[PDB]
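Each value in this text was obtained by applying a stated rule to the coordinates, not by laboratory testing. In this analysis, Cβ positions are derived from the backbone assuming ideal geometry, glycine residues included, and neighbour counts consider all displayed protein chains.
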Amino acid sequence: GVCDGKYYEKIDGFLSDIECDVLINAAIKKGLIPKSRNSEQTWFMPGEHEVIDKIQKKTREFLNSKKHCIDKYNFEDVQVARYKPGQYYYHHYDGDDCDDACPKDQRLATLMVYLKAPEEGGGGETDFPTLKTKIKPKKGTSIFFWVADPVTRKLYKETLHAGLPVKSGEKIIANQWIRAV
Ligand SMILES: O=C(O)CCC(=O)C(=O)O
Ligand SMILES: [Mn+2]
Ligand SMILES: [Zn+2]
């Protein structure tokens, strides 16, 4: 079963408000501005930015409380993504659906930080439909969730998720994916 039965965990104040703004501005300087993904994205190199460094440090410290669930992993380069009104990410898994040929570098988990939330009544929730829960974006809050089993690398299909449409304002996230070795 999933690590301690906790398919997702939410952490408020994972980044400070001014750390989120510094990261948004760095992403804008890099050019950030029916089914699947309808958003803009950019990628950060390892060590490119001190706020990325902090995401990865706190993610590692978090995973250190889960040593009985996960041994070796790698951090993917961090992605920052933006949603304008009308933009959304249709439901999907963050890893490869597999049984007997699971990739050796399968994504095992996701740590996603909300850098900027929609306006009041602005939609843009993160939906986990199988778990019957939707998380409302809040600046600085992180959502951690399990994507695949570290032993078999098969998906936890319980964490099917989506970014719902933004109705007003904008939504900016940072994705830290955790990969098998
Ligand atoms: O925007 C969201 O709330 C979810 C983002 C997501 O699922 C992803 O980028 O893989
Ligand atoms: Mn435990
Ligand atoms: Zn996703």
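Quick check, is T59 part of a strand (DSSP E or B), within 16 Å of ligand 1 (Cβ to nearest atom) and crowded, with 16+ Cβ neighbours inside 10 Å?
no
What are the residue pairs meeting all of these: first residue in segment 45-71, first residue more than 21 Å from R153 (Cβ to Cβ) and more than 16 Å from ligand 3 (Cβ to nearest atom), second residue in a loop (DSSP other than H, G, I, E, B) and not hydroxyl-bearing (S, T, Y), Cβ atoms under 6 Å, and 6 or more apart or on different chains?
From segment 45-71, the pairs are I52/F44; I52/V78.
Given (1) under 17 Å from the mean Cα position of the chain (by Cα); (2) within 19 Å of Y156 (Cα to Cα); (3) surrounded by 13 or more Cβ atoms within 10 Å (Cβ to Cβ); (4) more than 16 Å from ligand 1 (Cβ to nearest atom), identify the lone condition not met by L108.
(4)
Looking at segment 142-181, which of the residues that are surrounded by 23 or more Cβ atoms within 10 Å (Cβ to Cβ) and in contact with a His (Cβ under 9 Å, 6 or more places away or on another chain) is nearest to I52 (Cα to Cα)?
Here the answer is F145.
Which of the residues belonging to segment 82-101 are more than 18 Å from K134 (Cβ to Cβ) and either within 16 Å of ligand 2 (Cβ to nearest atom) or out of contact with any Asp or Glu (no Cβ under 7 Å at 6 or more places or on another chain) (or both)?
Answer for segment 82-101, where residues must be more than 18 Å from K134 (Cβ to Cβ) and either within 16 Å of ligand 2 (Cβ to nearest atom) or out of contact with any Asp or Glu (no Cβ under 7 Å at 6 or more places or on another chain) (or both): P85, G86, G95, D96, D97, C98, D99, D100, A101.
If you take the residues in segment 1-32 that are farther than 28 Å from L131 by Cβ and not in a helix (DSSP H, G or I), which one is farthest from ligand 3 (Cβ to nearest atom)?
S16
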